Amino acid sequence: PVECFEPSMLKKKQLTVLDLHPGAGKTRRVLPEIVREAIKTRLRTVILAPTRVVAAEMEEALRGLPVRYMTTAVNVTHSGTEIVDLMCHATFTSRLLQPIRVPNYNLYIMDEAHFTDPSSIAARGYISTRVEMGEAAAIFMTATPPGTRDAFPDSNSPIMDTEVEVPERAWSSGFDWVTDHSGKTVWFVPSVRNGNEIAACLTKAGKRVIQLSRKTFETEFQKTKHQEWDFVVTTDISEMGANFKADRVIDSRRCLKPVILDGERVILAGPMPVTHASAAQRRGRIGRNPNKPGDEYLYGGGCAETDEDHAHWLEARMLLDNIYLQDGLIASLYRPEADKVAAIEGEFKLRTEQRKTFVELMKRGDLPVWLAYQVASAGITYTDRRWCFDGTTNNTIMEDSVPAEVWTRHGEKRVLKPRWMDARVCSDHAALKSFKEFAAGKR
């Protein structure tokens, strides 16, 4: 990997991983360098941001430079120059799945290129394949290249690393060091539910707590920038543009993991150890200010690279199987991620109509990729919600120890019992609320 940009990297067949460390100016100094060169040489380019938060942050760094922002996160104006596009990872992949026309970009710049969202993994597969075919160049920007075993990379400022016992439940004693802290803390929890319990405990202790999840991030991250807080309790938002003014990170280093069981359902297993890259990214929230040496990283266990049981690898394959490159050719996953999934090439390729349903189930439907695939491949149309109720008895969804029920579109009260069970649609209150509305045909 490389830690500084050279115009050499923009030539076709070049894939460069710009690794570096949190706050070294990736988006602030290096990204405008690349974009300026791309515009000067009239190189058709797309910039890929992990989130809309990052996209807006990029706009600030790229002001003055002609960029077509293809996101609602940025106020766009006319136009003239058509060289560099900017959009989110998910938008990029979604559009490749849709009939709409995506430019054959000759340069791909992916920010936070370790992001393990299925759309991001798929995007890297597409991009790396295009580079290998000699049709483009690519720059992957990330502090943690896929496959890294370094949980403690360099930082702008000295970091105090300490392994401790980290609570994952409410506590009455034994963890004074948590609350005996006058600074600001970012706390990475194993799940939203766990975060709720920890937040309530901290609030009871008189702390101001903001909670974030992967699904509330885009709208609620801004609270961390605009209101007073002592703790940010969050799931892994490390690479979503999570820049905080903090002096401490508490890291359980554990995560719930969606796992496909017997190829018929998805459970949430664990919590299990996070990867070295994940731990490095979480730790990377601090040690950013050279005027403030001695930020603390307190972690609660070890790391592991055995994450092949995570569903996002196969879900990436499901996405990539439905992206067209050229006749009979299906893109491979990015090489460092290629060994993560056992699959038959093209086995998830859907015909035109089913692919449209697949896309709408993921977008408007807001269903997990695996679940959306089951429904779409079954030949079910988007608004046909009968599958939400005709599952087997062990697929019954529970709400407060009692079978969940919804008022269906057909004016009938039915037990929530999906034909395919994916634990991610009912992992927490917000998720279950969303799925019940889906089952009722409200979207």
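When you see a residue number, it is the position in the sequence shown, counting from 1.
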| item | value |
| --- | --- |
| Per the entry, higher mean C-alpha B factor between 318 to 326 and 219 to 227 | 219 to 227 |
| Per the entry, higher mean C-alpha B factor between 105 to 113 and 68 to 76 | 68 to 76 |
| Member of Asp85, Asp251, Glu132, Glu197 with the greatest C-alpha B factor (per the PDB record) | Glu132 |
| Peak C-alpha temperature factor (PDB record), options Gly284, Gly301, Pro167, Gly241 | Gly241 |
| Chain thirds of CA B-factor: placement of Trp407 | highest |
| Cα B factor band for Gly379 (lowest, middle or highest third within the chain) | lowest |
| For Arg385, the third of its chain into which the C-alpha B factor falls | lowest |
| Entry-reported Cα temperature factor of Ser182, expressed as the chain third it lands in | highest |
| B-factor third for the C-alpha atom of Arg424 within its chain | lowest |
